[PDB]
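>>> before I ask anything, here's the sequence and the deposited coordinates:
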Amino acid sequence: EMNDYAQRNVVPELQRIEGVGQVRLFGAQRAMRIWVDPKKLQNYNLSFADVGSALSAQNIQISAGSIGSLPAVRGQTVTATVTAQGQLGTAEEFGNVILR
Amino acid sequence: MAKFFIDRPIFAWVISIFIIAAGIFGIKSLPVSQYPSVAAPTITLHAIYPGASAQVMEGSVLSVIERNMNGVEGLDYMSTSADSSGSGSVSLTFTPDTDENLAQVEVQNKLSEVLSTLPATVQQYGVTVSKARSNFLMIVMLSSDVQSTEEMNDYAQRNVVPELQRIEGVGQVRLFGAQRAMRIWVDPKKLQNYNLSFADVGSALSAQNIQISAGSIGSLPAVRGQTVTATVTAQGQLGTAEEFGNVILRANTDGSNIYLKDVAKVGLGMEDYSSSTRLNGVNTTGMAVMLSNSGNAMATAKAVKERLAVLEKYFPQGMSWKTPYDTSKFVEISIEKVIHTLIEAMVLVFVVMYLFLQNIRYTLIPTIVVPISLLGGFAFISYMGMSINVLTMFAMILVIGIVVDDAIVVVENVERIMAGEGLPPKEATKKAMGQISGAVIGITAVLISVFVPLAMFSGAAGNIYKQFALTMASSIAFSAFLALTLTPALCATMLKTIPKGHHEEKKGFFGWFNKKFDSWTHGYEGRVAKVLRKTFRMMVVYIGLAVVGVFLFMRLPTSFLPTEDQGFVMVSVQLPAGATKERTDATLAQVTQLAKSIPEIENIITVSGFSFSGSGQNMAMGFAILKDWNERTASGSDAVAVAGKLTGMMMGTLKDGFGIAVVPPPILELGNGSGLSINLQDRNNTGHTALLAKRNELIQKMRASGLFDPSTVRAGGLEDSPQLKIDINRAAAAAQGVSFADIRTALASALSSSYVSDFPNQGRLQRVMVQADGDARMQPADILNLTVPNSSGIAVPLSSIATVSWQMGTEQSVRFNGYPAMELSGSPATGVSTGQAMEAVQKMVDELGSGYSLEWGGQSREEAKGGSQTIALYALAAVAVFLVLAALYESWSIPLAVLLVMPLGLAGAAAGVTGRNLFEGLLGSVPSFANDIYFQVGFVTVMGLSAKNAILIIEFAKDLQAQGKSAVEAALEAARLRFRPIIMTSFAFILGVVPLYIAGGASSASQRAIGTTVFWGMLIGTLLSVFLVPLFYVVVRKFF
Amino acid sequence: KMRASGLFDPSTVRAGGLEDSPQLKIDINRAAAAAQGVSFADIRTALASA
Amino acid sequence: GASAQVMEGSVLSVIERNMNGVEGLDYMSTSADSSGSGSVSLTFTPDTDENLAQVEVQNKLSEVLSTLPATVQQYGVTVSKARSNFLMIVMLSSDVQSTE
Amino acid sequence: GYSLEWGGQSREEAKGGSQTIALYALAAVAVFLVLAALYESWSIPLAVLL
């Protein structure tokens, strides 16, 4: 938690000083680590490439667009931007990633 | 020097010739513009990503770009801005004294490795690295009334743009509009009828529309016996819409394959259809000709107009160029004003010298001395790498009296010695030079010591003051060197020997003028002798005048540059959220019909879909450009009255939306009128509603419990908008045959556009874009779900899985220094400085919880610094002038006698601007005079000239005491000897600034602000100095 | 007209550019490609891998 | 896969027409053969350092990198501020092996 | 419409055509100004320019 708070609030604030060239944080920031048991992949006949394809296909930003764009017909009045989340940000959501 | 240059007139004449030649070579090698390099290096990116909201674009590109733009040498601050259009801008502002090219290539080298983790959509359009600091020369408009916007844009890009940026002087031409592209208007009903989609259409557009590299017959590893080598050309790329209409999508087993002309609509169009430009109601393109550094602006505009006439000789039926706004005409009127005041100053100096010195051979001396000093000042301008602009010419206007004053006071002493002693002009000029050589050396050193700390500030005001300092100090030094060398030769060779008794025994008009001037001098000497007895009452009334001058100076408002008329008024139309382009165009047509009913407005430029306060489908802007200054010579003809009448007509006629009409200020980098901006940042990254609640709490605390003019304080960003968010249920998709990439591809193909490949269109290469059908995407009902991963699979639409419902979401995202922020606006309403308002808003943001900070941006960063740059430098300049006077007079107390004319100019200038404000407040508009840059430099010039007069009086009084005279007697003879040249240079300066007092037209506000300041300062300073300087000498001689 | 004039000696005044050579030109007929059943990816790969 | 017409018209033309505005530049000379290899030669004024000109060329080049085709953005535009004449020709000779 | 341009040494040789008379006039007026400064006469340096 302190290494994640240092990378987001302490490191980019003190590296804008005239003279500072490198800020080497002894540690690492936050990431989502998935520890896979290889003995369970032999039972369900799965591989790491299937997990990678399921993580690349189900976790992506969905940029839909807008309703009533600028090349419109004569008569359009209401314009509303469509926003789709379509993304994962918690561990209990990442636990339900569909493989097969 | 003075004894050496009198017996050798050619030795000074050739030095004057060298200074003339250096000034000519400097004038012929100076850049011409209107405003100098005031700005800091600023880098703008302008990334493109169509079909996205503000938060998605922010979390996609802005957080990845801004997290790696740290460590660059000289970075001051950074900000990112995004909206719902699809274009985000990252403004990186650097520190001064930093090279902008190295900073720009450092941002480019950082973006070269930032771009590797960017998505594939922003890599096709590319993220450029540009600079915000750019010049501005001309605007070229093209109206045809028979063609469209895209055809005129293509004609300008093919025949006008490559011919305008090839001449000398033009730096960069930027078009205002989208280029041509191949739009494929695809109907999804034919796709779901023929069981197609958009992915196969994009794959076909990437597959058939492609370039082939076939190689060459007879390569280098050849066989024994080959003689002929030939290359193979295989052109398999489409370039016609009829060729694009026959793109095979899927071939059947029997025949009749699916084309692109039966399930879609292929045709030429624009790229985004966002921005439009109109001039008086017709279709009009846009070109912003930007000047380059070290170039000319007067000849460049004439060359652009000649090239436009050559192109108009080959224009088609309808098209005609028209330039509504030009900045090159801003500088020819200034040079014309400089030449006009120079000619008028020569005329008045000739008139005064013919009235006083009663001859014509004396008048030839300053008319040679002054232009060589002007050329030496121009040579010192060109040596330091400066340029010619409005501030340089205003400083050359303000230095006119200073370079004639040393020419007058030398020849006055020469004529006085020749009339008194009857000597030949050689010995008389030698005696006058031995009298006043050290005096003019001390005057020159005092003027240099005054004008040096003006060029020592930091910021925009320092960049403004540096031009005035480096012009006026150089002109003073060159005029002093000319008065030391060349002027004794002109008084020695050109002058005639005065006749004893017969000269100064006039008959005619003058003898009466000589008798009246002698009676006035006797009355002035009697008044001085009456003043020189009661020293205590005169001292306490001088102390009272000094403290009331400090009191009148302290109660003045502050400014940097006052606003002035430029010839155009900027208007902005802001419709409510959820508005299309048809209501925006109707309101802009109403704005045009309102602006056509005003006789002051000449043209009107109308821009739809783009504004300075955020771009969108409802924002719009306009520029109402007025007529010339000759036909607008009235009371209600300035841009402020036109803006007020336009606001009053917009509030009464424009029903849909609201539109404000404000005058454009001076230089944007100097935000005079921004007040106090607050960027309320968040550190813990809570959300958007908590930051909005905190911004509302700050607004309510600054309105009800504040003094920040509560009628005008508001959020200076953009309000929220209703949206059409969805919630894709993964549990319903996992229990059915619904994947996740198919919904993404369906939404990105329906509600947004796609860029697949390029195609050649008459030499150049343009884009090919698929936008499906426009009519289908009108209602919020979206039913397109498909793609079961084993078949076509039409099972259920996006009704139970999507759960479409309306929401309220923001349409703008602004981040400051990595953290998101909200833009505010303050105002120092009623006589309150910003130094306590900053502490008040600091306490208001400190009394909240931990995790909410602030950051002053724009103009408030220079006012955030302490006040140790004006008072300390002024005290150092004053003590350095004191030490120069102690070196001159060989004493310590008499420099304190000279230093008592310094509050007199401040008191006179403050009383003059207060009288002008109270005179214009009862008979006109709001007083627009304050403690700006022009008032300060006028106070500096009247301080220098009053100090010069005081040094001359003190040097004339000090040498008369060594011959067995007292203090009051030497002061009386010094006043009697110096009554004439002081009133001579005062009459010359006042008659020179009389046209500067009532000047009207282009840039007339700055001319009035310098003119009334130097007028009242010179008047009150002379009328107090000629009665107080012998009193100061007397009360110092006895006091010590 | 620059040669054989007395000021410029012959056999040394030539052009400084590469002269034009006869090249091979391929015109793809998409109508026969649609009627016979060959896509554009096959001819492109053949011409780029030959 | 380009001739001498579209290569100098789509790649070298925009670079030549947008390279104007740089101070010191006296003349330009672009050349493109039939093998698809362009060469823009920018000649400056004498008495002027290459340190500022070499970064102003890269500043005026990166603005037109987005309107360039996607093929020339992968190979990039190489900047070589070298002379054209030859100083020395080092010849290596051996009678025991081939020249490769 | 058919205009010519030079290259390399020819550009410098074409640029150094009008420099000679201007250089001679500048050297002559420099000698004139220096000898008028030193010997304090206008008639002295006119006999040196001959």
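Thanks, I have the structure now. Numbers count the residues shown, from 1 in each chain, chains lettered A, B, ... in the order given.
>>> if I look at the residue in chain A that chain D sits nearest to, how far off is chain C?
In chain A, the residue that lies nearest chain D is residue A:63 (20.3 Å; CB to the nearest CB). For every residue, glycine as well, the C-beta is placed using N, CA and C. Distance from residue A:63 to chain C, counting by CB to the nearest CB, to the nearest Å: 30 Å.
>>> do a quick rundown of the helices in chain A.
A:2-5, A:11-14, A:38-41, A:48-58, A:91-94 (DSSP state H).
>>> tell me the contacts of the residue of chain A closest to chain D?
Residues counted as contacts of residue A:63 (CB atoms under 8 Å, 6 or more residues apart in numbering or on different chains) are A:84, B:49, B:51, B:52, B:53, B:56, B:747, B:748, B:752.
>>> so which residue of chain A comes closest to chain B?
Closest point on chain A to chain B, by CB to the nearest CB, is residue A:65, at 2.9 Å.
>>> nearest residue to the residue in chain A sticking out farthest from the centre in space, please, no chain neighbours.
Residue farthest from the centre of chain A, counting by CA atoms, centre = their mean, is residue A:74 at 39.9 Å. Of all residues not flanking residue A:74 in the chain, residue B:582 sits nearest, at 6.6 Å (CB to CB, 6 or more residues apart in numbering or on different chains).
>>> now mean neighbour count too, for the helices of chain A, in JSON lines please.
JSON lines is the format used below for those (neighbours: other CB atoms under 10 Å in any protein chain shown):
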{"stretch": "helix A:2-5", "mean neighbour count": "12"}
{"stretch": "helix A:11-14", "mean neighbour count": "14"}
{"stretch": "helix A:38-41", "mean neighbour count": "10"}
{"stretch": "helix A:48-58", "mean neighbour count": "13"}
{"stretch": "helix A:91-94", "mean neighbour count": "10"}
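>>> pull the number of nearby residues for residue A:6.
15 (other CB atoms under 10 Å in any protein chain shown).
>>> what about it, distance to chain E?
Noted for residue A:6: a distance of 61 Å to chain E, by CB to the nearest CB.
>>> hang on, that residue packs against residue A:23?
No: if you go by CB atoms under 8 Å, residue A:6 and residue A:23 don't touch, sitting 9.5 Å apart.
>>> which parts of stretch A:67-87 are buried?
Residues of stretch A:67-87 classed as buried under the neighbour-count rule (16 or more other CB atoms under 10 Å in any protein chain shown) are A:67-72, A:76, A:79-84, A:86.
>>> ugh, typo on my part, it should be stretch A:8-25
So stretch A:8-25, judged by 16+ other CB under 10 Å, has buried residues A:8, A:11, A:12, A:16, A:23.
>>> and the two most separated of those?
Spatial extent of these (CB to CB) is set by the pair A:8 and A:16 at 14.7 Å.
>>> show me the contacts for the residue of chain A at minimum distance from chain E.
The nearest approach of chain A to chain E comes at residue A:71, 43.8 Å away (CB to the nearest CB). Each residue near residue A:71 by CB under 8 Å, 6+ apart is listed here: B:273, B:771, B:774.
>>> quick one: contacts for residue A:29?
Taking CB under 8 Å, 6+ apart, we find residue A:29 in contact with A:3, A:4, A:7, A:8.
>>> and which of these is nearest chain C?
Chain C lies nearest to residue A:7 out of the contacts of residue A:29, by CB to the nearest CB, at 46.6 Å.
>>> can you count the residues close to that closest one?
Residue A:7 is flanked by 17 other residues according to other CB under 10 Å.
>>> pretty sure it is touching residue A:23, no?
No: at 9.7 Å, residue A:7 does not count as touching residue A:23 under the criterion of CB under 8 Å.
>>> now for the two: what residues contact both?
Counting by CB under 8 Å, 6+ apart, residue A:7 and residue A:23 have no common neighbour.
>>> tell me what the residue of chain A closest to chain B is bridged to.
Beta-bridge pairing of residue A:65 under DSSP bridges involves residue A:82.
>>> which residues touch it?
Contacts of residue A:65 by CB under 8 Å, 6+ apart are A:81, A:82, B:51, B:52, B:747, B:748, B:750, B:751, B:752, B:777.
>>> and the two most separated of those?
The span of those, defined through CB to CB, is set by B:52 and B:777 at 15.6 Å.
>>> for residue A:97, give me its contacts.
Shown in contact with residue A:97 (CB under 8 Å, 6+ apart): A:54, A:55, A:58, A:59, A:88.
>>> apply 10 Å and report the result again.
Residue A:97 sits next to A:34, A:51, A:54, A:55, A:57, A:58, A:59, A:88, B:730, B:734 when contact means CB atoms under 10 Å, 6 or more residues apart in numbering or on different chains.
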